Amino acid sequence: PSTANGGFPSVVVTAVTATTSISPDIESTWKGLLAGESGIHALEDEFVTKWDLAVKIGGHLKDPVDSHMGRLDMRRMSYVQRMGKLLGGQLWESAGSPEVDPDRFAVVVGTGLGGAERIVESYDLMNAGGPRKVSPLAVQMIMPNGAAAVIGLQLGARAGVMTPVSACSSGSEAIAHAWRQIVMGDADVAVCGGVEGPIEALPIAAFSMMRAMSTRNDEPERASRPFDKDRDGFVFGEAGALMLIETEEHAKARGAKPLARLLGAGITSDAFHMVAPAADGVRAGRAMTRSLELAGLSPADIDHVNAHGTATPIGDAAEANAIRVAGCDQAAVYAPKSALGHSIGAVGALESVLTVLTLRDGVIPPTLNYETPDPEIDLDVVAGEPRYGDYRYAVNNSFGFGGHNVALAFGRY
């Protein structure tokens, strides 16, 4: 059974929304990327100087979430819940605010951590003034399922509200599970993607102590260098992204113009290391292959790969092998983290949206800072200027800390 042979129903993407370090509008982010713009700049936050952080570069949201948040929302929601509500409403507006059947409507939103800022706040409030100072809203804000719950409550999703956690692959895995919920018959329509918290001292400190982050502080826009010889780790780039997916029949019934097709989703694991990807990239490649199997495609059909491309030395090397294992080494490769950075749980979702626009507009943006290619890798990396091309099919890769491999297979409508 596959999408090609009619074993699974046809699933199409009908709307996308995203907020990034370049722009709060996905179509503006897309234009910026095509122009070779970067969202990564020098961090001017006071916490950088306070702690004298080794990492002084980051990509803040161009339009911060809380600028669209009144006092009420600031009191009753965690940050990721607030981002979810914002993106949830924008997405629904862009889809024409359709009246769908709630019992056939599901929500699957991934996240890296959850409402962690409310944990420390409640911790502090209890330490200072005792258990009565902990809010009765604390549980619903802290719980990592909260963002998905807020969106499901907002839009009225009654065919399931799910939250997969797989670190960097959470946003892509969310879309994978949304696809599954539809193809198994549990829903006809689904909002899916990923949300994540902002850059701060403690996140910077924590990830910096892993020694996986770039420290090229003097040249922020040149710091993130996926598949480049002079790469020194990943760069934080704040993001949130959701897409609306549904059966082609459902889309056709309400007159929705599809942006792209979601043909298959592959989920595998390494069982190798807690934070480092497997060097051979076999299991990561198997995730790509599995998505092709479910889509009913062969590697030869894959014209484009939106790479995970963290810019860690071992990460990019592993992925290069992974693509080769999947037999997609002839595909045109893009590494959006070169310009948008790493948004952890949201990044798989943001990059899935980018893959949809690639297929829609038939153009791949240039991978920034790809000046001196790494001799070992040997990939067809799109760079210099955007590459216009006849892209029929694409695979979006997302590989998370813990050994989590998610591959999504998309097709041009």
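Start at 1 and count along the sequence shown; that's the residue number. Take the two forms, find the largest set of C-alpha atoms that superpose within 1.5 Å, and that set is the rigid core.
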Discussion item. Given a rigid core fit, name the stretch, 263 to 271 or 206 to 214, whose C-alphas are on average farther from the form shown here in 4 other deposited structures of this protein.
Written reply: 206 to 214
Worksheet, complete the sentence: Core superposition done, the stretch whose Cα atoms deviate more in 4 other deposited structures of this protein, picking from 122 to 130 and 109 to 117, is 122 to 130
Response to the item:
Comparing mean C-alpha B factor in the record for 205 to 213 and 176 to 184, the higher one is 205 to 213
Worksheet item: Averaged over C-alpha atoms, is the B-factor higher for 241 to 249 or for 126 to 134 in this PDB entry?
Response: 126 to 134
Discussion item. Just to confirm, going by the entry's C-alpha B-factors, which of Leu357, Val382, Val55, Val347 comes out highest?
Written reply: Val55
Worksheet item: According to the PDB entry, is the CA B factor of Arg387 in the bottom, middle or top third of its chain, that is, lowest, middle or highest?
Response: lowest
Response to the item:
Split the chain's modelled residues into thirds by Cα B-factor; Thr289 lands in the middle
Fill in: Entry-reported Cα temperature factor of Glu351, expressed as the chain third it lands in
lowest
Worksheet item: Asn369's Cα B-factor: lowest, middle or highest third of the chain?
Response: middle
Worksheet, complete the sentence: Here the Cα B-factor of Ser169, set against its chain, lands in the third termed lowest
